[PDB]
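A short worksheet on the structure shown next.
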Amino acid sequence: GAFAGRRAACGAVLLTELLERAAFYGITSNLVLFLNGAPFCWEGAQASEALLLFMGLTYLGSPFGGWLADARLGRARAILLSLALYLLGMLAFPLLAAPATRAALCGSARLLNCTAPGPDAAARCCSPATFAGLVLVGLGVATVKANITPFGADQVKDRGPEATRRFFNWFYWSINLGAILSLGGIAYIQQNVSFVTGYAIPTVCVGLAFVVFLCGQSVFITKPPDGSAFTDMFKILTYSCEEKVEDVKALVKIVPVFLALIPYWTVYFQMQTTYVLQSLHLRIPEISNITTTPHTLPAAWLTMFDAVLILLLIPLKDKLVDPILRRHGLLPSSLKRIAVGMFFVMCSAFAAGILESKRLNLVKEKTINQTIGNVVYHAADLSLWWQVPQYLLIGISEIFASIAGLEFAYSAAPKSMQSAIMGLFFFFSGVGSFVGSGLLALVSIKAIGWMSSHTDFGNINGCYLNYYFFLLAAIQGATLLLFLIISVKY
Amino acid sequence: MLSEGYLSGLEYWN
């Protein structure tokens, strides 16, 4: 009875979570490729900062979305409206993807003053539609991410704690499985079959999630708003210019580590976007066995390799590291693990810098033409298997740094402020993505300039991206050294 | 990002 009922409820919640994670990892994977493939093809780092700002907007709206949810509006209704806007955006995107609807919705180049000879005119034309789609999708997924975890949490919590542990083990497993399946199938479809259907499958996915969450609401267990103590912390902060001491301790303990982690999430999302771009400009193998115009090995498949290594490591990582690191001459602490993760990501960024330098030195001699997607990409004879080292380093650093940061944040904060520190974590991750996009904008602009070439759409093979990678690596190393120095005086 | 898993997790394992 109760078993079956709560099981159906949490299974519906799990299906919605899997489908939303699937749609997210699907759209975010090949966004850079399609942003330069479609006739509104942007200019390289332009699409890179577009994806960076998308991720930053998601992670910035997450805390504000949770506040708005636990605010006047109802949590379940909040998730409903979030999924509605998410479906709106994931339906708007295939309209951009389909030629007829592309021409229809965006607008002809003769009306929006797009008569300038060059591909930049179509970009000026179709920029607002894509940006609106991106902002809608970002707000939707932000609210969904902020809301879905506490939702199933209270859905299961009523009975017992072991039920919550089992349900959230299932939650982690479903999230990772959805990530893997989405990456694989959706990226393969997008890159090797059709961008149209490649985006349309996320659409029907979001539709299924929305309808199952709507029909679940009838048999769900709703929860009235509690008060969203973010308003309390905001009131305290603006008036300063028993919750007082807890608030001040929580903030003073949380803000420094997350400030140090801001450049880390910067370089993480930069990993994502610019390594997708670099693999597009690196050498891609051929699956042309039964295929004409060979199916390309996806950078999203490389990200799947990363994530499946995360999956294989994390439990084994615990099981082997903990008992041995207990009796070790290299004893680990939360801050020391964050420092180790920062050093690993610095090494990965250095490796990426050397890889880009070698790629430039090689393309300076000769050039090949591998048609990834629907547009050609000039590349050099250097397989992308050299990105696997830096991807592995970034993955192990992900594990170390993020898990240590969350452990320290939770162990150094009261119980009630757990949602507040989670919101602040996602907020600082969004801040990191925004800082990354800003740094890219700064290195790209002609004011001082390191890689402009007046053409960044497909001619990045002459641009100096390795200088920007080394600048990011140097910033990360400076933050790591500062964290080391603060670790001494504390 | 990819570990939102173990992160909600810390939360409740807690």
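Here, A, B, ... name the chains of the structure tokens in the order displayed, residue numbers run from 1 inside each chain, and ligands are numbered from 1 in the same displayed order.
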
Would you give me, as CSV, each residue of chain B having an atom within 7 Å of an atom of chain A, along with its shortest atom pair and that distance in Å to one decimal, using only C-alpha atoms and sorting by chain and residue number?
residue,atom,partner,partner_atom,distance
B:2,CA,A:307,CA,6.7
B:5,CA,A:172,CA,4.4
B:6,CA,A:172,CA,6.4
B:9,CA,A:168,CA,6.5
B:12,CA,A:165,CA,6.7
B:13,CA,A:165,CA,6.0

Can you tell me which residues surround residue 352 (chain A) at a distance of at most 9 Å, considering only C-alpha atoms, apart from same-chain residues fewer than 5 positions away, and format the answer as a PDB file with C-alpha atoms, in the first residue's frame?
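The resulting file, out18.pdb, is reproduced below:
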ATOM      1  CA  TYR A 275      37.567  21.488 -25.587  1.00  0.00           C
ATOM      2  CA  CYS A 347      47.974  20.492 -14.800  1.00  0.00           C
ATOM      3  CA  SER A 357      50.440  25.188 -29.122  1.00  0.00           C
ATOM      4  CA  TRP A 386      45.600  13.660 -26.644  1.00  0.00           C
ATOM      5  CA  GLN A 387      42.648  15.435 -25.010  1.00  0.00           C
ATOM      6  CA  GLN A 390      43.479  16.486 -19.680  1.00  0.00           C
ATOM      7  CA  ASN A 466      46.716  28.544 -26.041  1.00  0.00           C
ATOM      8  CA  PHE A 469      44.366  28.679 -21.820  1.00  0.00           C
ATOM      9  CA  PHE A 470      47.683  29.557 -20.161  1.00  0.00           C
TER      10      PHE A 470
END

So which residues of chain B fall under helix (DSSP H, G or I) by DSSP, listed as a ChimeraX atom specification?
/B:4-13

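Nearest to residue 11 (chain B) of all the residues A:291, A:416, A:266, A:453 is A:416, counting only C-alpha atoms.
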
Distance criterion (only C-alpha atoms): nearest to residue 14 (chain B) out of A:56, A:415, A:231, A:112:
A:415

Give me, please, the distance in Å between CA of residue 270 (chain A) and CA of residue 441 (chain A), quoted to one decimal.
12.8 Å

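Our summary of the geometry notes that CA of residue 201 (chain A) is positioned 16.2 Å from CA of residue 17 (chain A).
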
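Counting only C-alpha atoms, the residue from A:341, A:385, A:83, A:200 that sits nearest to residue 212 (chain A) is A:83.
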
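Closest to residue 178 (chain A) among A:392, A:205, A:435, A:372 is A:205, based on only C-alpha atoms.
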
Show me, as a PyMOL selection string, the residues that have an atom within 12 Å of residue 141 (chain A) when counting only C-alpha atoms, minus same-chain residues fewer than 5 positions from it.
chain A and resi 16-17+19-25+27-28+54-63+65-66+78-90+134-136+146-148+206
